[PDB]
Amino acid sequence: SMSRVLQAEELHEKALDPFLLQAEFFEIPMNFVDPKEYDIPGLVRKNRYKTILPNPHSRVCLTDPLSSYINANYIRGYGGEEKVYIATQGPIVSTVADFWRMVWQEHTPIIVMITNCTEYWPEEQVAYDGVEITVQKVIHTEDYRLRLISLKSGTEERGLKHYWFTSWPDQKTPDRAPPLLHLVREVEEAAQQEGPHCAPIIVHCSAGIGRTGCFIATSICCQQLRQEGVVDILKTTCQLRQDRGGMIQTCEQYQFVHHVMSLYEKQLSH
């Protein structure tokens, strides 16, 4: 268990010191899973990447070893709260139906898709394994497109909000931080609007670890900064790695979370 509690001054300077950031980052274990933990035949058709697999203790199981598998993990939130997010790979043609089965099974109210990563949402309507997916409205904003979706399976109807973030930067410099911070804030407000014990929020792009981990880590540290007046990005990254191997994949991503939190701290202090 690693930790470096940052007050405001050290946060601003830490985000701008790439040598210390890479020294710190590359001491965090990736906690990847041994591929021989999943010896099911035909399971490789359900993974985008051979070596990015779900840690077994936190794996989401659907309800046949193959039929119940999805490359997805429950992720703890701020203060260790269980099941605040699900981190998952972007669906492939072979798993689009499993993905929607997961959304239904978990009562997921919000999906966050992080692009600058797949194609699984319908033009108007589509159905998968008993659940009907209807896009009622599309809201275009500067930083994301929000789709208000209805899920129908039998007599039950549910709402769902799908956030498609389009401003993921190639160069992770501080000028590119505001859109991500805005997405984080809009999603956490939507989640509060669901009321007590919000069901898990699904986050993905391609492998479900890099951009995904940046988004979740920022979300966690925003609550930390508001409640405690500090941020601990190292401890947060360590908690995320225990839940799913590889969360926050690159040092550039690690620095980007520091840039976002440095921005948010300035905003809060005015």
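The first residue of the sequence shown is number 1, and the count goes up from there. Throughout, rigid core stands for the largest set of C-alpha atoms superposing within 1.5 Å between the two forms.
Larger average C-alpha displacement in 7 other deposited structures of this protein, relative to the shown form after a rigid core fit, is seen for 190 to 198 when comparing 190 to 198 with 102 to 110. Take 92 to 100 and 117 to 125, fit the other structures onto the shown form by the rigid core, and average the C-alpha distances in 7 other deposited structures of this protein: the farther stretch is 117 to 125. The entry shows a gap from residue 63 to residue 64, with 4 to 9 unmodelled residues of the deposited sequence in between. Count the deposited residues lacking coordinates between residue 116 and residue 117 and you get 4 to 9 of them.
The deposited model assigns a higher average Cα B-factor to 155 to 163 than to the other stretch when 155 to 163 and 77 to 85 are compared. When the C-alpha B-factors of 43 to 51 and 207 to 215 are averaged, 43 to 51 comes out higher. Looking at 236, 58, 224, 67, the one whose CA carries the top B-factor in the deposited record is 67. In this entry, the residue among 181, 111, 102, 135 with the greatest C-alpha B factor is 135. Residue 200: CA B factor in the lowest third of modelled residues in this chain (values from the PDB entry). In the PDB entry, a CA B factor belonging to the lowest third of its chain's modelled residues is recorded for residue 187.
Annotation for residue 32: CA B-factor lies in the middle third of the chain's modelled residues. When the modelled residues of the chain are ordered by C-alpha B-factor, residue 96 sits in the highest third. Residue 194: CA B factor in the lowest third of modelled residues in this chain (values from the PDB entry).
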